[PDB]
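Student: Numbering-wise, the sequence shown is residues 5 to 689 according to the deposited numbering. From the three backbone atoms N, C-alpha and C, an ideal C-beta is built for every residue, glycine too. Quick one: the structure is below, and I'll ask about it shortly.
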Amino acid sequence: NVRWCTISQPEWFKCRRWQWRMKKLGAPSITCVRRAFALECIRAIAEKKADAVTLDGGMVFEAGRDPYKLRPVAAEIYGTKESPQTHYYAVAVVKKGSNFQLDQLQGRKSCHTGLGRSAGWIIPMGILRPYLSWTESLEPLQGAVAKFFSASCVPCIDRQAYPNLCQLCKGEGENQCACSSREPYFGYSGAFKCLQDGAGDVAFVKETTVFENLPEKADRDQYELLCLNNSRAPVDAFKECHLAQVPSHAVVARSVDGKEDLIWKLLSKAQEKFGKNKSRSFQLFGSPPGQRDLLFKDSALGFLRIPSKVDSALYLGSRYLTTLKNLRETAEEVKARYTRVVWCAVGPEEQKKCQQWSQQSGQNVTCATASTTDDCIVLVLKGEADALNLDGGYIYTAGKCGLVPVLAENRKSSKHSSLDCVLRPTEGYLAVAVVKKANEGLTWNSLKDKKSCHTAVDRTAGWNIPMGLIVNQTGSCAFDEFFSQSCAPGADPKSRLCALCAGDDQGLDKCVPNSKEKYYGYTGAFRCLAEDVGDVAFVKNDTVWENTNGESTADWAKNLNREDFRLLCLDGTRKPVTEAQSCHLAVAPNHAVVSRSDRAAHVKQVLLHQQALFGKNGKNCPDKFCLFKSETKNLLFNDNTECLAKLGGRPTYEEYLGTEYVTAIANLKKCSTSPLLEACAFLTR
Ligand SMILES: *[C@@H]1O[C@H](CO)[C@@H](O[C@@H]2O[C@H](CO)[C@@H](O[C@@H]3O[C@H](CO[C@H]4O[C@H](CO[C@H]5O[C@H](CO)[C@@H](O)[C@H](O)[C@@H]5O)[C@@H](O)[C@H](O[C@H]5O[C@H](CO)[C@@H](O)[C@H](O)[C@@H]5O)[C@@H]4O)[C@@H](O)[C@H](O)[C@@H]3O)[C@H](O)[C@H]2NC(C)=O)[C@H](O)[C@H]1NC(C)=O
Ligand SMILES: *[C@@H]1O[C@H](CO)[C@@H](O[C@@H]2O[C@H](CO)[C@@H](O[C@@H]3O[C@H](CO)[C@@H](O)[C@H](O)[C@@H]3O)[C@H](O)[C@H]2NC(C)=O)[C@H](O)[C@H]1NC(C)=O
Ligand SMILES: *[C@@H]1O[C@H](CO)[C@@H](O)[C@H](O)[C@H]1NC(C)=O
Ligand SMILES: [Fe+3]
Ligand SMILES: [Fe+3]
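Structural data, given as structure tokens:
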């Protein structure tokens, strides 16, 4: 049983018509909950009084927020049968023979589909905003818009407060300018009817609205499209004369106990039975004259199922998310947001370092925190954060979600002193497998059923290199059953890969992938080996050196003689820590700062500026703040980092990491699926 939320009597009548029509096809059953508007349904679903409803992108946004916390489980697909699309275009339709252009809309009368709707509100108001003369302190956007156009019809608007924005609305009193089918001028088709009846000079609807209302070209010849360059165009030239491409309408459900399986089941069979061109009796994507788009959009081809990790912000995307959120902020807030760089911190300790950086940077750098690196990637994707420095295996994940490399970590080399660190090339680190010397008979061959220590899952040295090699050599994909017990932060806490993880000093958050887990990272995985919790540690060369022989002042690593450890070589021999060059697993590319394509240049410029103040030969280091020092913790950047080096021209994730490593990651990735990887797949549609 799925409870569908309807916001009107004509929508309720279709649901009920769909409910009876379902029964004979066998499960699931559909219930028709009656509400008045979109937010009521949002609240109904959140309160478990209903299960599904289809919203427009502006509503999708609001439904994802607290305290609703709803996610889009399926999206409507538009377009043709052979040429589908899962987005649409917001356009401005004018009647042919008008002298106004897009700039000349002040003092005109307009038609809108709804307040806070994609094509009808959000999209057109982000374009008109310079013409608005909005002084944000005196009134809201609705107040600036009210004095911009003369009369109008924008349903859902406060009729009592902005009567001119409801003045052109064709509704009957105290139901006129309503947020549903009650107002005849509501919706895309209702907006077109407002233009067609000559009430408004322009209607803001989608690209197919004029095609669905005027079947013959002769009547369609009397309309035009206002383009962005302040020109005009014919209605079939929408793909060149639109305002923005907006993501399609999605069905939403609860994040927890959402009934998404039943919802999809029901949606799949309905679309297969009464879809577009499927039956004579019932049309799912077909609704009555005078009341279009009931439940779903009219002439929608079907439903595209959305991946579990994709939320409402991810579904909508940073581009739409910017424009929506930018309308909510002021010009100066918007200005300041683009200027500031928001760094993403993984964990508690990193956040503290970032906050110190922020205050020392005079709020030039701002922080955001996530508990994992993956969460931070997601925040970068959402636009909530701007950047973070990442290990190569995470860079793969970020690049597959479209983030690009900006600057790489560059430490002290053996050759140059000449060429500046910024202009000096990265050398790459050596991936090693370290053991205690006192456990003789431990070779690379005798590795099965031993205890292991990894920096984290998906990382280069602690994960991708040894597990990729082991999978290849075993010829199996069950890495969970290779070692007897491990500590690989990022695995299932109830699995055996988390079995040796410590948690904090209270022992909570065991196997978490951040600095609060005792055995996390380069430092923690060595510590795991050093304290004899595991038999092998997969880390880099530098870690062994930095944590032995008086280098580390930490009490666990303070009494460590470097001659008590060996390096397992891939030829079955052991070697001392001085011959890492002849005994390593692979060479890994250095950790780099990733960012979004449009933020990359700004982030780069800013990071160069910050490096001069707080870096290795920083002006404020070491008396004020040192960006690369974290008390051997490697918070934000590795403590050994000499500077952040510039990369070459255009490099993608594949170019930075390298074909061989990318393919190596690729083959290892076939053994297990990542939800985030599935979600980024869908976002790069
Ligand atoms: C595997 O990783 C190794 C570590 O990353 C790497 O060895 C490093 O190699 C680089 C260049 O290749 C060396 O850089 C050179 O450093 C010298 C100056 O070094 C001296 O001072 C540093 C810093 O000392 C201070 O800071 C530390 C820690 O913050 C404090 O403990 C210390 O008290 C100081 O306050 C120090 O690290 C060096 O110590 C090393 O060498 C001495 C003997 O010389 C040893 O007794 C000691 O245990 C340690 O091994 C040294 O005192 C500089 O003048 C040169 O121009 C150059 O920049 C690094 O020092 C070296 N690091 C270490 C820890 O050895 C290996 O190259 C790498 N292997 C491969 C195959 O890649
Ligand atoms: C684990 O095994 C897999 C499968 O053998 C390894 O992937 C293989 O990697 C090699 C080199 O990285 C690929 O070969 C290359 O092919 C190209 C184009 O044909 C050629 O120009 C290169 O010179 C090279 O020969 C090979 O295609 C690839 N195999 C598959 C099935 O993708 C993987 O690297 C191994 N893992 C680790 C950690 O070494
Ligand atoms: C912040 O950036 C501005 C502009 O580049 C610069 O003048 C200022 O000194 C910076 N402050 C810090 C501490 O980075
Ligand atoms: Fe819409
Ligand atoms: Fe690494």
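Assuming the contact rule is C-beta atoms closer than 8 Å, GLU211 and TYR92 should be a hit. Round their C-beta distance to whole Å, please.
Tutor: Indeed, because the Cβ distance is near 6 Å, the residues count as touching under 8 Å.
Student: Look at the alpha carbon of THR464 and the alpha carbon of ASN642, and state the distance between them as a whole number of angstroms.
Tutor: When rounded, the distance between both Cα atoms is 14 Å.
Student: Decide if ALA335 is buried, meaning its Cβ has at least 16 other Cβ atoms within 10 Å, or exposed.
Tutor: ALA335 comes out exposed.
Student: Determine the extent of the beta strand (DSSP E) in which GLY306 is found, giving its start and end residues.
Tutor: Segment 306-309, the beta strand (DSSP E) holding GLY306.
Student: Within a Cβ cutoff of 8 Å, which residues of the same chain sit near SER488, ignoring the five residues on either side of it in sequence?
Tutor: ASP453, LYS454, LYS455, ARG500, listed in sequence order.
Student: Could you tell me the distance, in whole angstroms, from the CA atom of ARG47 to the CA atom of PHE486?
Tutor: About 48 Å.
Student: Helix, strand or coil for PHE208? Go by DSSP, reduced to three states.
Tutor: Reduced to three states, the DSSP call for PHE208 is strand.
Student: Could you tell me the distance, in whole angstroms, from the CA atom of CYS573 to the CA atom of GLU646?
Tutor: Approximately 29 Å between the Cα atoms of the pair.
Student: Going straight from the alpha carbon of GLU276 to that of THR326, what length do you get?
Tutor: Each residue's Cα considered, the two are about 36 Å apart.
Student: What does the Cβ neighbour count give for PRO517, buried or exposed, with the cut at 16 atoms within 10 Å?
Tutor: Burial call: buried.
Student: In whole angstroms, give me the CA-to-CA distance for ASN234 and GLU333.
Tutor: If I take the Cα positions, the gap works out to 26 Å.
Student: Decide if the segment 667-681 is in contact with the segment 570-585; the criterion is three or more beta carbon pairs, one per stretch, under 8 Å apart.
Tutor: The segment 667-681 is not in contact with the segment 570-585.
Student: What's the C-alpha gap between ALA94 and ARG133?
Tutor: C-alpha separation (whole angstroms): 16 Å.
Student: Considering only the beta carbon of each residue, do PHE289 and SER303 sit closer than 7 Å?
Tutor: For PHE289 and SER303, yes; Cβs fall inside 7 Å.
Student: Look at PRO76 and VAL256 and say whether their C-beta atoms are less than 7 Å apart.
Tutor: Cβ distance < 7 Å, so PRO76 and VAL256 count as in contact.
Student: Quick check: the Cα distance between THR213 and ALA590, rounded to an integer number of angstroms?
Tutor: Approximately 58 Å, taken between the alpha carbons.
Student: Can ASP378 be considered in contact with ligand 5, in the sense that its beta carbon sits closer than 6 Å to one or more heavy atoms?
Tutor: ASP378: no, Cβ never under 6 Å from ligand 5.
Student: Alpha helix (DSSP H) containing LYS221: first to last residue?
Tutor: Residues 221-224.
Student: Enumerate in chain order the residues of its own chain whose CB-to-CB distance from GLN180 is below 6 Å, with the five nearest sequence positions on each side excluded.
Tutor: These residues qualify, in order along the chain: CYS173.
Student: What are the start and end residues of the alpha helix (DSSP H) that includes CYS45?
Tutor: Start and end: 42-50.
Student: Our contact map puts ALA596 next to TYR660 with C-beta atoms below 8 Å; I'd like the distance itself, whole angstroms only.
Tutor: The Cβ separation is near 7 Å, so the contact holds.
Student: Check whether the segment 523-542 touches the segment 558-570, counting contact only when three or more Cβ pairs, one atom from each stretch, lie closer than 8 Å.
Tutor: In short, these stretches touch, since the Cβ pair count reaches three.
Student: Please list, in chain order, all residues with a C-beta atom less than 5 Å from at least one heavy atom of ligand 1.
Tutor: Qualifying residues come out as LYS416, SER418, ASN545, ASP546, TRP549, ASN553, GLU555, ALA584, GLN585.
Student: Does DSSP put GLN275 in a helix, a strand or coil?
Tutor: The answer is helix: DSSP assigns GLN275 an H, G or I state.
Student: Out of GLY147, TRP138, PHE153, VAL98, point me to the one whose CA is closest to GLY111's CA.
Tutor: Cα-wise, what sits closest to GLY111 is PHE153.
Student: Excluding the five sequence neighbours on either side, which residues of its own chain have a C-beta within less than 6 Å of the C-beta of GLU140, listed in chain order?
Tutor: So the qualifying residues of the chain are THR334.
Student: On a Cα-Cα basis, can you pick out the residue from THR117, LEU169, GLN108, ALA437 that is closest to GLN146?
Tutor: The candidate whose alpha carbon is nearest that of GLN146 is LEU169.
Student: Can you list, in chain order, the stretches of the alpha helix (DSSP H) that have 4 or more residues and sit fully within the segment 51-114?
Tutor: Runs of the alpha helix (DSSP H) inside the segment 51-114: 61-68.
Student: Along the alpha helix (DSSP H) that carries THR478, what are the first and last residues, could you check?
Tutor: Element bounds for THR478: 469-478.
Student: Taking C-beta to C-beta, are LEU504 and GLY525 nearer than 7 Å?
Tutor: No, the Cβ-Cβ distance between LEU504 and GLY525 is not below 7 Å.
Student: Could you please give me the residues that DSSP links to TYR433 through a beta bridge?
Tutor: Answer is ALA592.
Student: According to DSSP, is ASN393 helix, strand or coil?
Tutor: Residue state, collapsed to three classes: strand.
Student: Look up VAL214 in the DSSP assignment and say whether it is helix, strand or coil.
Tutor: Helix, per DSSP.
Student: Per DSSP, what kind of secondary structure is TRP138 in: helix, strand or coil?
Tutor: Of the three classes helix, strand and coil, the one that applies to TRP138 here is coil, per DSSP.
Student: Does the Cβ of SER291 lie closer than 6 Å to at least one heavy atom of ligand 3?
Tutor: No, the Cβ of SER291 stays beyond 6 Å of every heavy atom of ligand 3.
Student: Quick check: what's the CA-CA separation for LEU680 versus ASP378?
Tutor: Cα to Cα, the separation comes out at about 8 Å.
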